[PDB]
Amino acid sequence: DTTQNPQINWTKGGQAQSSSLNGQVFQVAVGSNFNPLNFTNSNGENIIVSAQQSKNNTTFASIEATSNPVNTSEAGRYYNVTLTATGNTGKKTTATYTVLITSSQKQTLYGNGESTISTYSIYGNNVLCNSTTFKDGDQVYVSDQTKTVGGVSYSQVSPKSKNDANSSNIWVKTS
Amino acid sequence: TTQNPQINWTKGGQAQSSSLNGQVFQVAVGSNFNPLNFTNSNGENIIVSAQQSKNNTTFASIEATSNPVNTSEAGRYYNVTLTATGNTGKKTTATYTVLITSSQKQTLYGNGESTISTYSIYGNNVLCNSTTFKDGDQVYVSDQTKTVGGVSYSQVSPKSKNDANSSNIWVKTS
Ligand SMILES: [Br-]
Ligand SMILES: [Br-]
Ligand SMILES: [Cl-]
Ligand SMILES: [Hg+2]
């Protein structure tokens with residue numbers, strides 16, 4: 001009998017998901033900082049796991065990873081993660097998802113309001129409006145080195161590859 | 001001949017080393033035409049002057065003794081005769097031909113927007129320019145387009161045809 005058991009919820013990029021966490025398969029990039037209740041996928045979408053007392057009670061329930069062997073150092077490896085949620089009467093629900101380690105971290109660009117995202121080119125210390133624009137939800141490679149000019153931070157990006165992002169001269173304001 | 005007035009001209013500010021006599025110019029339908037100072041179809045200012053003689057650069061009086069030019073209809077030509085007079089009363093005349101042409105400018109259509117964005121191109125980078133045009137504006141367009149990221153751009157200038165070749169003001173073609 002399941003109805004009194006904890007319910008495991010998840011959000012992807014802020015949006016509650018209707019599919020069960022159990023049996024999900026995620027991509028995570030080599031070198032990413034992975035926590036089984038809060039991690040970032042290969043495309044840069046934040047995934048957050050949480051739980052409630054039951055299907056009919058949204059009150060917070062405790063949830064923890066009872067098995068998290070995940071290691072992000074090497075691509076082409078997968079790991080299963082098992083979560084267990086426990087309610088106040090001590091009833092349990094577990095969910096198991098699979099994490100695939102992939103090569104590259106992309107980031108998802110959020111206009112946070114606007115449909116359109118402005119880009120810039122930097123020449124010496126002059127920042128010029130570029131004609132290229134991105135749409136909210138576009139996925140790009142981002143160079144690891146930001147640049148600050150007139151007290152504003154900029155990140156160098158490319159839809160092609162990480163290496164291209166290091167010299168693309170297409171910049172967005174850092175979030 | 002040497003004691004007679006000499007007729008000079010400039011095009012876009014540069015003194016010309018060809019006689020004004022026998023020149024053929026293009027002038028755009030609808031333009032204001034003055035035979036001593038006018039703007040050709042490509043936007044270059046042409047200015048006529050005269051001097052007392054081959055060796056005396058002192059100003060000499062020059063006027064159109066025959067100017068039937070009418071710019072209202074393209075495909076018509078007119079001859080213009082200029083006569084210069086020196087202070088001893090010696091005369092020189094020059095005759096040039098004016099062709100009335102249709103506009104050598106193109107019209108920019110915003111296809112919706114009142115404003116038309118322009119760009120600057122450096123290598124393969126396209127940057128937003130601050131210059132804007134209004135729908136219906138007329139500009140000179142360079143004959144060489146440039147394509148970047150599969151988008152075609154045309155290089156333009158409101159001033160002259162020649163300026164459009166190096167303005168670094170571009171619009172999206174068509
Ligand atoms: Br994923
Ligand atoms: Br001409
Ligand atoms: Cl833009
Ligand atoms: Hg721009």
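Side chains included, hydrogens not; waters and symmetry mates left out as well; all remaining heavy atoms used. Every number for a ligand or one of its atoms is a count from 1 in the order of the listing. So you know, we letter chains A, B, ... as the sequences are listed, proteins then strands, and number each from 1.
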Task: Hydrophobic cluster membership, B:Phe133 vs B:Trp170, 4.5 Å side-chain cutoff - done: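 Hydrophobic grouping puts B:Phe133 apart from B:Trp170.
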Task: Same cluster (ILVMFWY, side-chain, under 4.5 Å), B:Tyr122 and B:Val126 - done: no
- [ ] Please name the residue in the list A:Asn41, A:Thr11, A:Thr40 that meets the side-chain contact (heavy atoms from CB on, under 4.5 Å) test with A:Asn46.
- [x] A:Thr40
- [ ] Please determine if A:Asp138 and A:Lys106 form a salt bridge, counting it only when a charged side-chain N lies under 4.0 Å from a carboxylate O.
- [x]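 No salt bridge links A:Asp138 with A:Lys106.
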Open item on the list: If we only look closer than 3.0 Å, how many protein N, O or S atoms does the Hg ion (ligand 4) have near it?
Closed with: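 Count of protein N, O, S atoms less than 3.0 Å from the Hg ion (ligand 4): 3.
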Pairs under 3.5 angstrom only: tabulate donor-acceptor contacts from the side chains of residues 107-116 of chain B to other protein residues two or more places apart or in another chain.
residue: B:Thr107; atom: OG1; partner: B:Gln138; partner atom: NE2; Å: 2.6
residue: B:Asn111; atom: ND2; partner: B:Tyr109; partner atom: O; Å: 3.2

Open item on the list: Taking the ring of A:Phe34 and the ring of A:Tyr79, is the distance between their centroids below 6.0 Å?
Closed with: no
